[PDB]
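This is data.csv. It holds CSV, N, CA, C and O atoms.
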```csv
chain,number,residue,atom,x,y,z
M,129,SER,N,133.9,50.1,87.6
M,129,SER,CA,134.5,50.7,86.3
M,129,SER,C,135.7,49.8,85.9
M,129,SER,O,135.7,49.4,84.7
M,130,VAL,N,136.7,49.6,86.8
M,130,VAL,CA,137.9,48.8,86.4
M,130,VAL,C,138.0,47.6,87.5
M,130,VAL,O,137.5,47.8,88.6
M,131,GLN,N,138.6,46.5,87.1
M,131,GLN,CA,138.8,45.4,88.0
M,131,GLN,C,139.9,45.8,88.9
M,131,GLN,O,140.8,46.6,88.5
M,132,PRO,N,139.9,45.4,90.2
M,132,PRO,CA,140.9,46.1,91.1
M,132,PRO,C,142.4,45.9,90.8
M,132,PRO,O,143.2,46.9,91.1
M,133,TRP,N,142.8,44.8,90.2
M,133,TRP,CA,144.2,44.6,89.9
M,133,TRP,C,144.7,45.4,88.6
M,133,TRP,O,145.9,45.6,88.5
M,134,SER,N,143.7,45.9,87.8
M,134,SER,CA,144.0,46.7,86.6
M,134,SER,C,144.8,47.9,86.9
M,134,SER,O,145.6,48.3,86.1
M,135,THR,N,144.6,48.5,88.1
M,135,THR,CA,145.3,49.8,88.5
M,135,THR,C,146.7,49.5,89.2
M,135,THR,O,147.4,50.4,89.4
M,136,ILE,N,147.1,48.2,89.3
M,136,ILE,CA,148.4,47.8,89.9
M,136,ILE,C,149.5,48.0,88.8
M,136,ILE,O,149.6,47.2,87.9
M,137,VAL,N,150.2,49.1,88.8
M,137,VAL,CA,151.2,49.5,87.8
M,137,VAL,C,152.5,49.7,88.5
M,137,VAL,O,152.6,50.2,89.6
M,138,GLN,N,153.6,49.1,87.9
M,138,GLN,CA,154.9,49.2,88.4
M,138,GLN,C,155.4,50.6,88.5
M,138,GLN,O,155.5,51.3,87.4
M,139,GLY,N,155.7,51.1,89.7
M,139,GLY,CA,156.2,52.5,89.9
M,139,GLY,C,157.6,52.7,89.1
M,139,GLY,O,158.3,51.8,88.8
M,140,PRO,N,157.9,54.0,88.9
M,140,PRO,CA,159.1,54.3,88.2
M,140,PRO,C,160.4,53.8,88.9
M,140,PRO,O,161.4,53.5,88.3
M,141,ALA,N,160.3,53.8,90.3
M,141,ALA,CA,161.4,53.3,91.1
M,141,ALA,C,161.1,52.0,91.9
M,141,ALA,O,161.8,51.6,92.8
M,142,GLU,N,160.0,51.3,91.5
M,142,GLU,CA,159.6,50.1,92.1
M,142,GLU,C,160.1,48.9,91.4
M,142,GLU,O,160.1,48.8,90.2
M,143,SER,N,160.7,47.9,92.2
M,143,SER,CA,161.3,46.7,91.7
M,143,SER,C,160.3,45.8,91.0
M,143,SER,O,159.1,45.8,91.5
M,144,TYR,N,160.7,45.0,90.0
M,144,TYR,CA,159.8,44.1,89.3
M,144,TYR,C,159.2,43.1,90.3
M,144,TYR,O,158.0,42.9,90.2
M,145,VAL,N,159.9,42.5,91.2
M,145,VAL,CA,159.4,41.5,92.2
M,145,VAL,C,158.3,42.1,93.1
M,145,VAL,O,157.3,41.5,93.2
M,146,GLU,N,158.5,43.4,93.6
M,146,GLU,CA,157.6,44.1,94.4
M,146,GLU,C,156.3,44.4,93.7
M,146,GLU,O,155.2,44.4,94.3
M,147,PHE,N,156.4,44.7,92.4
M,147,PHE,CA,155.3,45.0,91.5
M,147,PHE,C,154.5,43.7,91.3
M,147,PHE,O,153.3,43.7,91.5
M,148,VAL,N,155.2,42.6,91.0
M,148,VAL,CA,154.6,41.2,90.8
M,148,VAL,C,153.9,40.8,92.1
M,148,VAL,O,152.8,40.2,92.1
M,149,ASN,N,154.5,41.0,93.3
M,149,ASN,CA,154.0,40.7,94.6
M,149,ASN,C,152.7,41.4,94.8
M,149,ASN,O,151.7,40.8,95.2
M,150,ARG,N,152.7,42.8,94.6
M,150,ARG,CA,151.5,43.6,94.7
M,150,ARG,C,150.3,43.1,93.9
M,150,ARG,O,149.2,43.1,94.4
M,151,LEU,N,150.6,42.7,92.7
M,151,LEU,CA,149.7,42.2,91.7
M,151,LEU,C,149.2,40.8,92.2
M,151,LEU,O,147.9,40.6,92.1
M,152,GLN,N,150.0,40.0,92.8
M,152,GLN,CA,149.6,38.7,93.4
M,152,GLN,C,148.7,38.8,94.6
M,152,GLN,O,147.7,38.1,94.7
M,153,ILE,N,148.9,39.9,95.4
M,153,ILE,CA,148.1,40.3,96.6
M,153,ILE,C,146.7,40.7,96.1
M,153,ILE,O,145.7,40.3,96.6
M,154,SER,N,146.7,41.6,95.1
M,154,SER,CA,145.4,42.1,94.5
M,154,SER,C,144.5,41.0,94.0
M,154,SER,O,143.3,40.9,94.3
M,155,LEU,N,145.1,40.0,93.3
M,155,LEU,CA,144.4,38.9,92.7
M,155,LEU,C,143.9,37.9,93.7
M,155,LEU,O,142.8,37.5,93.7
M,156,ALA,N,144.8,37.6,94.7
M,156,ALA,CA,144.4,36.7,95.8
M,156,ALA,C,143.3,37.2,96.6
M,156,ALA,O,142.4,36.4,97.0
M,157,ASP,N,143.2,38.6,96.8
M,157,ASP,CA,142.1,39.2,97.5
M,157,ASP,C,140.8,39.4,96.8
M,157,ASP,O,139.8,39.4,97.4
M,158,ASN,N,140.8,39.5,95.4
M,158,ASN,CA,139.7,39.8,94.6
M,158,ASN,C,139.2,38.8,93.5
M,158,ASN,O,140.0,38.0,93.0
M,164,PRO,N,141.1,31.9,87.8
M,164,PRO,CA,142.5,31.4,87.5
M,164,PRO,C,143.5,32.6,87.5
M,164,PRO,O,143.4,33.5,86.8
M,165,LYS,N,144.4,32.5,88.5
M,165,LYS,CA,145.4,33.6,88.6
M,165,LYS,C,146.5,33.7,87.5
M,165,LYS,O,146.8,34.8,87.1
M,166,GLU,N,147.0,32.5,87.1
M,166,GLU,CA,148.1,32.4,86.1
M,166,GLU,C,147.9,33.2,84.8
M,166,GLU,O,148.8,34.1,84.6
M,167,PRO,N,146.8,33.0,84.0
M,167,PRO,CA,146.7,33.8,82.8
M,167,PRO,C,146.7,35.3,83.0
M,167,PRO,O,147.2,36.1,82.2
M,168,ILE,N,146.1,35.8,84.2
M,168,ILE,CA,146.1,37.2,84.5
M,168,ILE,C,147.4,37.8,85.0
M,168,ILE,O,147.8,38.9,84.5
M,169,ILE,N,148.2,37.0,85.8
M,169,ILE,CA,149.6,37.5,86.2
M,169,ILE,C,150.5,37.5,85.0
M,169,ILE,O,151.3,38.4,84.9
M,170,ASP,N,150.5,36.5,84.2
M,170,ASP,CA,151.3,36.3,83.0
M,170,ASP,C,151.1,37.5,81.9
M,170,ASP,O,152.1,37.9,81.3
M,171,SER,N,149.8,38.0,81.8
M,171,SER,CA,149.5,39.1,80.9
M,171,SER,C,149.9,40.4,81.6
M,171,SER,O,150.7,41.2,81.1
M,172,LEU,N,149.3,40.7,82.8
M,172,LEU,CA,149.5,42.0,83.5
M,172,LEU,C,151.0,42.3,83.9
M,172,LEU,O,151.4,43.4,83.9
M,173,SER,N,151.7,41.2,84.3
M,173,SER,CA,153.2,41.4,84.7
M,173,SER,C,154.0,41.9,83.5
M,173,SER,O,155.1,42.5,83.8
M,174,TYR,N,153.5,41.9,82.3
M,174,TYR,CA,154.1,42.5,81.1
M,174,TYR,C,153.5,44.0,81.0
M,174,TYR,O,154.1,45.0,81.1
M,175,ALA,N,152.2,44.0,80.6
M,175,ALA,CA,151.4,45.2,80.4
M,175,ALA,C,151.4,46.3,81.4
M,175,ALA,O,151.5,47.4,81.0
M,176,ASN,N,151.4,45.9,82.7
M,176,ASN,CA,151.4,46.8,83.8
M,176,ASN,C,152.8,47.2,84.3
M,176,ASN,O,152.9,48.2,85.1
M,177,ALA,N,153.8,46.5,83.8
M,177,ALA,CA,155.2,46.8,84.1
M,177,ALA,C,155.7,48.2,83.5
M,177,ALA,O,155.1,48.7,82.6
M,178,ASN,N,156.7,48.8,84.1
M,178,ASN,CA,157.2,50.1,83.6
M,178,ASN,C,157.9,50.0,82.3
M,178,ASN,O,158.2,48.9,81.9
M,179,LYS,N,158.2,51.1,81.6
M,179,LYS,CA,158.8,51.2,80.3
M,179,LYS,C,160.1,50.3,80.2
M,179,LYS,O,160.2,49.4,79.4
M,180,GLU,N,161.0,50.5,81.2
M,180,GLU,CA,162.3,49.9,81.4
M,180,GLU,C,162.2,48.3,81.5
M,180,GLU,O,162.9,47.7,80.8
M,181,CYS,N,161.3,47.8,82.3
M,181,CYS,CA,161.1,46.3,82.4
M,181,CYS,C,160.3,45.7,81.2
M,181,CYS,O,160.6,44.5,80.9
M,182,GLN,N,159.5,46.5,80.6
M,182,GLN,CA,158.7,46.0,79.4
M,182,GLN,C,159.8,45.9,78.3
M,182,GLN,O,159.7,45.0,77.5
M,183,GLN,N,160.7,46.9,78.2
M,183,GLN,CA,161.8,46.9,77.2
M,183,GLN,C,162.7,45.6,77.4
M,183,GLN,O,163.1,45.1,76.4
M,184,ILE,N,163.0,45.2,78.6
M,184,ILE,CA,163.8,44.0,78.9
M,184,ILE,C,163.0,42.8,78.4
M,184,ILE,O,163.6,42.0,77.6
M,185,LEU,N,161.7,42.6,78.7
M,185,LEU,CA,160.9,41.5,78.3
M,185,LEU,C,160.8,41.4,76.8
M,185,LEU,O,160.7,40.3,76.2
M,186,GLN,N,160.7,42.6,76.1
M,186,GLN,CA,160.6,42.6,74.6
M,186,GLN,C,161.9,42.1,74.0
M,186,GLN,O,161.8,41.3,73.0
M,187,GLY,N,163.0,42.7,74.4
M,187,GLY,CA,164.3,42.4,73.9
M,187,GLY,C,164.7,40.9,74.1
M,187,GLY,O,165.4,40.4,73.3
M,188,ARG,N,164.3,40.3,75.2
M,188,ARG,CA,164.7,38.9,75.5
M,188,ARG,C,163.6,38.0,75.0
M,188,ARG,O,163.8,36.8,75.0
M,189,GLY,N,162.5,38.6,74.5
M,189,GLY,CA,161.4,37.8,74.0
M,189,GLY,C,160.6,37.0,75.0
M,189,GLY,O,160.3,35.9,74.8
M,190,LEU,N,160.4,37.6,76.2
M,190,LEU,CA,159.7,37.0,77.3
M,190,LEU,C,158.4,37.6,77.6
M,190,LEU,O,157.9,37.5,78.8
M,191,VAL,N,157.8,38.3,76.7
M,191,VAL,CA,156.4,38.9,76.8
M,191,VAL,C,155.4,38.0,77.2
M,191,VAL,O,154.6,38.3,78.1
M,192,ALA,N,155.4,36.8,76.7
M,192,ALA,CA,154.4,35.7,76.9
M,192,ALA,C,155.0,34.6,77.9
M,192,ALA,O,154.2,33.6,78.1
M,193,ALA,N,156.2,34.8,78.4
M,193,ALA,CA,156.8,33.8,79.3
M,193,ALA,C,156.1,33.8,80.7
M,193,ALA,O,155.5,34.8,81.1
M,194,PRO,N,156.1,32.6,81.4
M,194,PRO,CA,155.5,32.6,82.7
M,194,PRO,C,156.2,33.6,83.7
M,194,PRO,O,157.4,33.8,83.5
M,195,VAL,N,155.4,34.3,84.6
M,195,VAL,CA,155.9,35.3,85.5
M,195,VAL,C,157.3,35.0,86.1
M,195,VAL,O,158.1,35.9,86.3
M,196,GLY,N,157.5,33.7,86.5
M,196,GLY,CA,158.8,33.3,87.1
M,196,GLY,C,160.0,33.6,86.3
M,196,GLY,O,161.0,34.0,86.8
M,197,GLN,N,159.9,33.4,84.9
M,197,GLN,CA,160.9,33.7,83.9
M,197,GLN,C,161.1,35.2,83.8
M,197,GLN,O,162.2,35.7,83.7
M,198,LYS,N,160.0,36.0,83.8
M,198,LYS,CA,159.9,37.4,83.7
M,198,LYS,C,160.7,38.0,84.9
M,198,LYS,O,161.5,38.9,84.8
M,199,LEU,N,160.4,37.4,86.1
M,199,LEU,CA,161.0,37.8,87.4
M,199,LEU,C,162.5,37.6,87.3
M,199,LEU,O,163.2,38.6,87.7
M,200,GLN,N,163.0,36.5,86.9
M,200,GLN,CA,164.4,36.1,86.6
M,200,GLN,C,165.1,37.1,85.7
M,200,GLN,O,166.2,37.6,86.0
M,201,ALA,N,164.4,37.5,84.6
M,201,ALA,CA,164.9,38.5,83.6
M,201,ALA,C,165.1,39.9,84.2
M,201,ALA,O,166.0,40.6,83.8
M,202,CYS,N,164.1,40.4,85.0
M,202,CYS,CA,164.0,41.7,85.5
M,202,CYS,C,164.7,41.9,86.9
M,202,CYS,O,164.7,43.0,87.5
M,203,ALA,N,165.2,40.8,87.5
M,203,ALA,CA,165.8,40.7,88.9
M,203,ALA,C,167.0,41.7,89.0
M,203,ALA,O,167.3,42.1,90.2
M,204,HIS,N,167.7,42.1,87.9
M,204,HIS,CA,168.8,43.0,87.9
M,204,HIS,C,168.5,44.4,87.5
M,204,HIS,O,169.4,45.2,87.4
M,205,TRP,N,167.2,44.7,87.2
M,205,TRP,CA,166.8,46.0,86.9
M,205,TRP,C,166.7,46.8,88.2
M,205,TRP,O,166.0,46.4,89.2
M,206,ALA,N,167.5,47.9,88.3
M,206,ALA,CA,167.5,48.9,89.4
M,206,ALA,C,167.3,50.3,88.9
M,206,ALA,O,166.4,50.9,89.2
```

Show me, as structure tokens, the structure contained in the file I just sent.
Amino acid sequence: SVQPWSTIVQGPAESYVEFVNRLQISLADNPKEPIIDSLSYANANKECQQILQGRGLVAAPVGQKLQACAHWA
């Protein structure tokens, strides 16, 4: 019905790094870059999506997204 990584959603209290890590595990187990770069925005929680929208990093590589959300607690 759904691809396995599609259900990897950042928890309300889960850090952005840990969410990205979970997503990287799901993908490694089941081209990774275009999928991590899209889902690391779409599957992120309201709070972290709001950071990426405001800084204009929606389309940025995951590394830059990680750097931007590193201080979200």

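The interatomic distance for the pair atom CA of residue 158 of chain M and atom C of residue 137 of chain M works out to 17.3 Å.
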
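When all atoms listed in the file are used to measure the gap to residue 192 of chain M, the shortest distance among M:150, M:205, M:174, M:180 belongs to M:174.
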
Counting only C-alpha atoms, the residue among M:173, M:198, M:166, M:183 that lies closest to residue 148 of chain M is M:173

What is the atom N of residue 170 of chain M to atom N of residue 196 of chain M distance in Å?
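Value for the atom N of residue 170 of chain M-atom N of residue 196 of chain M distance: 7.9 Å.
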
With distances taken over only C-alpha atoms, the candidate from M:178, M:134, M:171, M:143 nearest residue 190 of chain M is M:171

Q | Distance criterion (only C-alpha atoms): nearest to residue 194 of chain M out of M:136, M:156, M:169, M:141 | A |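 Nearest to residue 194 of chain M: M:169.
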
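The space between atom O of residue 149 of chain M and atom C of residue 189 of chain M spans 22.4 Å.
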
Of M:155, M:179, M:165, M:186, the one sitting nearest residue 140 of chain M when using all atoms listed in the file is M:179

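Residue nearest residue 139 of chain M, chosen from M:195, M:206, M:188, M:168 and counting only C-alpha atoms: M:206.
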
### Task
Identify all residues of chain M in alpha helix (DSSP H) (DSSP on the backbone) and supply them as an NGL selection string.
:M and (144-157 or 165-175 or 179-187 or 195-202)

| field | Cut-off 7 Å around (164.0, 44.0, 84.9) with only N, CA, C and O atoms: residues as a PyMOL selection string | value | chain M and resi 144+180-182+184-185+198-206
